[PDB]
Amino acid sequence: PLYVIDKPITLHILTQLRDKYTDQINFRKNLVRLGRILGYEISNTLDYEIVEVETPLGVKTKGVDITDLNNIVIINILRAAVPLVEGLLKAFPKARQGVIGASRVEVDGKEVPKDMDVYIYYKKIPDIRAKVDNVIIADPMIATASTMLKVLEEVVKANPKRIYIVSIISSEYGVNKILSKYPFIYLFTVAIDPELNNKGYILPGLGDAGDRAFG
């Protein structure tokens, strides 16, 4: 499933991120806001049960109980994903966190990359309950989707109940590459951009998340 959250407020933030005149302080600020928001959207796609509670006025009433909110694991890719994950964690107060330090080897070429090398420098993940936990992986950008598929190689084994991928911008090439391999993955993103340049950068994109966040 592909959820493109393009509501006025998320598109308003995306425009601040895209704008090159935005400094890293405000850039990181929005990522935290968007992870907050995107987290809410994801909340509304979870499994809920119909329950009954008694109000103060003795009256019994029917309400919902999203049992899944107690089975969430958010994996942080680090780098630009930190402000984002900081936002998601705000929305899922009961989520455990894991980190899979992934970074693609940025190559310069004469053609548009359809694939890139990805190295993993750090790995600390919580136990993932099979058929129970909902895993959320954050990545500000998805270009060739090489970074994402690399982290997935492992997450997918755990066989979590669900798998969500949050990103700000995704390239058409990337969404299709990921969802054609794991179409069961709920992929959230505020927008999808057309192409990748010869360095594997999304166009129009927003630049190098890492550079925008800590430059």
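Numbers for residues come from their place in the sequence shown, where the first is 1. C-alpha atoms forming the largest set that superposes within 1.5 Å between two forms make up the rigid core.
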| property | result |
| --- | --- |
| Core-aligned Cα RMS comparison in 4 other deposited structures of this protein - stretch that moves more, 48-56 or 31-39 | 48-56 |
| Stretch with larger C-alpha RMS deviation in 4 other deposited structures of this protein, core superposed, 186-194 versus 60-68 | 60-68 |
| Average Cα temperature factor in the PDB entry - higher stretch of 21-29, 196-204 | 196-204 |
| Residue stretch of maximal mean CA temperature factor, 101-109 vs 73-81 | 101-109 |
| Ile120, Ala130, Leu88, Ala145, ranked by C-alpha B-factor: the highest one | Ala130 |
| Given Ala158, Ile178, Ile163, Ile169, the residue at which the Cα B factor reaches its maximum | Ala158 |
| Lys114 by Cα B-factor - lowest, middle or highest third of the modelled chain | highest |
| CA B-factor placement of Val53, once the chain's modelled residues are sorted into thirds | highest |
| Third of the chain, ranked by Cα B-factor, where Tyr182 sits | highest |
| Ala138 CA temperature factor, ranked by third within the chain | middle |
| Ranked C-alpha temperature factor of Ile66 among modelled chain residues, by third | middle |
